[PDB]
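To keep things clear, I will list the structure first and then write my remarks on it.
4 protein chains.
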Amino acid sequence: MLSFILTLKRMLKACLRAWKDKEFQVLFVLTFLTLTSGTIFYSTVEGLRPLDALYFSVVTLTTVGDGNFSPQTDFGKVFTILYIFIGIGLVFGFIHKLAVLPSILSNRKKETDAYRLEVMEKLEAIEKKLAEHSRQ
Amino acid sequence: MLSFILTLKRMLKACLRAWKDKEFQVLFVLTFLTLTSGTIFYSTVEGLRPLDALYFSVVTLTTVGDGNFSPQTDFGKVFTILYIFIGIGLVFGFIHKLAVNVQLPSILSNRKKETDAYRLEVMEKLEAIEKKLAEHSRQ
Amino acid sequence: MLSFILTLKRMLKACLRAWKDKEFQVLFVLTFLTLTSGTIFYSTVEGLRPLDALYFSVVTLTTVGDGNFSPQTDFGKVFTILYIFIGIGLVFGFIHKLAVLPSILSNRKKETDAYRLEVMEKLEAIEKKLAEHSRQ
Amino acid sequence: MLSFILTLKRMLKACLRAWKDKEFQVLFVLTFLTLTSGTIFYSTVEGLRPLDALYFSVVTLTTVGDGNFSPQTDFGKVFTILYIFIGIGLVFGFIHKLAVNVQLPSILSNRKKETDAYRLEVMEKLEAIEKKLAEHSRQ
Ligand SMILES: [Co+2]
Ligand code: NA
Ligand code: NA
């Protein structure tokens, strides 16, 4: 149970580590801009409360879906279709980003070079010495 | 602001590069096809206003859903059952394409480029030293 | 456009390459067993046509959702809840499997060994010869 | 049948091993919590039959949906807006955990185990040959 708490503590730091990745934040910014963007629309087009809007906008981007309201106006169906698409666009972005070791490979390189350098320089001297010896 | 301004470019370029990927285009097409191919079926067999049939098609694929209309005809239900499977299929493929963070082919063979060099080099010196030692260990 | 056709041809082979992975097929088998499993249930419990069943079963596992019917009986809500969970269980399985190079690393090993072996054996002879020489 | 019989074991063991992973358990708990924590809110503030409030909670998180009931109160709507974000958050985490095919730590360091050996060996011979050559190239 100390286990539970200690783990959760690490995980929560990992989010914050991501939450300072520029790209992740662009996505969050885009999500929110798109979120209030829809609120602006369904509010002041499809005629709906500035909270009944946010509810449809969220229920739709996340693909849950309201069991009652849908776009009435044919204009409000066009938007919803293309909106939904920005949804997918976004959820694609995250899945890509949530699926990225690059640093472990840097150390391997930092050590393999230092090694391979010495291997070379050792071999070099050996050859240079076996040369000067097998003459004089 | 140093970052929010710039990264966007790189970000939009990053997925712009992904359009140039062919496998993505096929998935994006099979999408557009299945989608307008659905608008055809729902505008006729289930018989809905062109634009409305598109709406239902989108919503259904993206599993968003609609709290009002559902199929009536048994052909309209069997079709839908198969139509969601296609969406499953598509998204599976999309996920596969997106979940593999493969900038690693070019790294692991760009390693091998520099590696294979070193290997012939080391081996050459190993063979030289063996040949000169051989000759001196007789004379 | 020959491009289009030629690519699609490769992709479609890739599915078939997967469709002979044992694990993938277990998932498909499980999906289908679960699919008719629900059909059996909503048909002969919640009282629904043996096609109106398959439609609710599919619309629910895939998370679309019917806009009209939902489980009436409190028993049919219990199942649906836990069913939904087998859904997630499954869609987790696939995402894991759709996200797996193992063979490229085998060749690297097959070559690195043959190399490293020779490097060793070369170095070995050199030492053995420099030994017998610096005596007699 | 050679395969269908056996693999299941390995498959069920494979995810059985994943329960033993701690990070998964937290995600699985935050799940159970958020879920029964939702049944609490919808059984009161939105006021529904215990079991029914669970149903709505599940359905909503898993974005399945329900074509009938939706929130009425503004507290019941704001809550839901935040409740789906948690689902997003959770699933994001689940995906991250599941999408990384990391049996590669144990491989890349099991390489390094055998690699580091070879490296000291080669270096030792390199140093011996350099020392014996040094002594013989004076006497
Ligand atoms: Co000599
Ligand atoms: Na969904
Ligand atoms: Na839905």
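Protein chains in written order, with my numbering: chain A, 181 to 316; chain B, -8 to 130; chain C, 181 to 316; chain D, -8 to 130. We treat Cβ as the ideally placed atom computed from N, Cα and C, and that holds for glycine.
{"Asked": "Does the Cβ of C:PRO251 have 16 or more other Cβ atoms within 10 Å, making it buried, or fewer, making it exposed?", "Found": "buried"}
{"Asked": "Would you call the stretch 237 to 248 of chain C and the stretch 50 to 57 of chain B in contact, with 3 or more CB pairs under 8 Å?", "Found": "yes"}
{"Asked": "What residues from the stretch 243 to 260 of chain C come within 9 Å of chain B, judged by C-beta to C-beta, listed N to C?", "Found": "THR243, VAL244, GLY245, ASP246, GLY247, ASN248, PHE249"}
{"Asked": "Tell me, please, whether the stretch 78 to 96 of chain D touches the stretch 276 to 283 of chain A by the rule of three or more beta-carbon pairs shorter than 8 Å.", "Found": "yes"}
{"Asked": "Is the stretch 63 to 73 of chain B close to the stretch 10 to 19 of chain B, with three or more CB pairs under 8 Å?", "Found": "no"}
{"Asked": "By Cβ distance below 8 Å, which residues in the same chain neighbour B:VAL36 in space, the five residues on each side in sequence not counted?", "Found": "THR64, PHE66, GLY67, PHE70"}
{"Asked": "Please tell me whether, using a cut-off of 8 Å, the distance from the CB of C:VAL238 to the nearest non-hydrogen atom of ligand 2 is below it.", "Found": "no"}
{"Asked": "A:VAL238 touches chain D at which residues, Cβ-Cβ below 7 Å?", "Found": "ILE72, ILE75"}
{"Asked": "Pairing CB atoms from the stretch 108 to 117 of chain B with CB atoms from the stretch 293 to 311 of chain A, are three or more of them under 8 Å?", "Found": "yes"}
{"Asked": "Taking only beta-carbon atoms, is D:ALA90 less than 9 Å away from chain B?", "Found": "yes"}
{"Asked": "Could you work out which residues of chain C lie near B:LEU117, taking near to mean beta carbons separated by less than 9 Å?", "Found": "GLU298, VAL299, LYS302, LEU303, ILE306"}
{"Asked": "Can you check whether the C-beta of A:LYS309 is within less than 9 Å of a C-beta belonging to chain D?", "Found": "yes"}
{"Asked": "Around ligand 2, what residues have a beta-carbon under 5 Å from a heavy atom of it, in chain order?", "Found": "A:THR243, B:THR54, C:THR243, D:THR54"}
{"Asked": "Anything in the stretch 181 to 209 of chain C with a Cβ closer than 7 Å to a Cβ of chain B? List those residues in chain order, please.", "Found": "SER183, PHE184, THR187, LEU188, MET191"}
{"Asked": "Where does A:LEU281 fall in DSSP's three states?", "Found": "coil"}
{"Asked": "At what residue ranges does the stretch -2 to 60 of chain D contain a whole run of the alpha helix (DSSP H), taking only runs of 4 or more?", "Found": "13 to 35, 41 to 52"}
{"Asked": "Out of curiosity, what's the CA-to-CA distance linking A:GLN316 and C:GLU312?", "Found": "20 Å"}
{"Asked": "For B:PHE85, decide whether its Cβ has a neighbour in chain A, counting only Cβ atoms nearer than 9 Å.", "Found": "yes"}
{"Asked": "Would you mind sorting A:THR240 into buried or exposed? The rule is 16 or more other CB atoms within 10 Å of its CB.", "Found": "buried"}
{"Asked": "Show which residues of chain B have a CB atom less than 7 Å away from the CB atom of C:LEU234.", "Found": "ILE72"}
{"Asked": "So which residues put a beta carbon under 6 Å from any heavy atom of ligand 1, going in chain order?", "Found": "A:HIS313, B:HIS127, C:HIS313, D:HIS127"}
{"Asked": "Leaving out the 5 sequence neighbours to the left and right, which residues in its chain are closer than 6 Å to A:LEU188 when beta-carbon positions are compared?", "Found": "none"}
{"Asked": "Is the beta carbon of A:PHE184 closer than 9 Å to that of D:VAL49?", "Found": "no"}
{"Asked": "Closer than 9 Å, CB to CB, is D:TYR33 near chain C or not?", "Found": "no"}
{"Asked": "List, in chain order, every chain A residue whose beta-carbon is nearer than 7 Å to that of B:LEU42.", "Found": "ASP254, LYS257"}
{"Asked": "Can you tell me which of the three DSSP states C:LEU262 falls into?", "Found": "helix"}
{"Asked": "A:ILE268 versus chain D: which residues are under 7 Å apart at the beta carbon?", "Found": "What A:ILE268 touches in chain D: nothing, since even the nearest Cβ is about 13 Å away."}
{"Asked": "Going along chain C in order, which residues have a C-beta closer than 8 Å to the C-beta of B:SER128?", "Found": "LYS309, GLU312, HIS313"}
{"Asked": "CB-CB under 8 Å to D:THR30, same chain, minus the five flanking residues each way: which ones, in chain order?", "Found": "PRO41, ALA44, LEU45, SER48"}
{"Asked": "Can you check which of these residues, D:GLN94, D:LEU26, D:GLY38, D:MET2, is closest to D:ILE75 by C-alpha distance?", "Found": "D:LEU26"}
{"Asked": "Looking at chain D, is there any beta carbon in it that lies within less than 9 Å of the beta carbon of C:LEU285?", "Found": "yes"}
{"Asked": "Taking only three categories from DSSP, how would you classify B:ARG110?", "Found": "helix"}
{"Asked": "Does any residue of chain D have a CB that is nearer than 9 Å to the CB of A:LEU281?", "Found": "yes"}
{"Asked": "DSSP on C:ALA279, reduced to helix/strand/coil?", "Found": "coil"}
{"Asked": "By the three-class DSSP mapping on this structure, what secondary structure does A:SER183 have?", "Found": "helix"}
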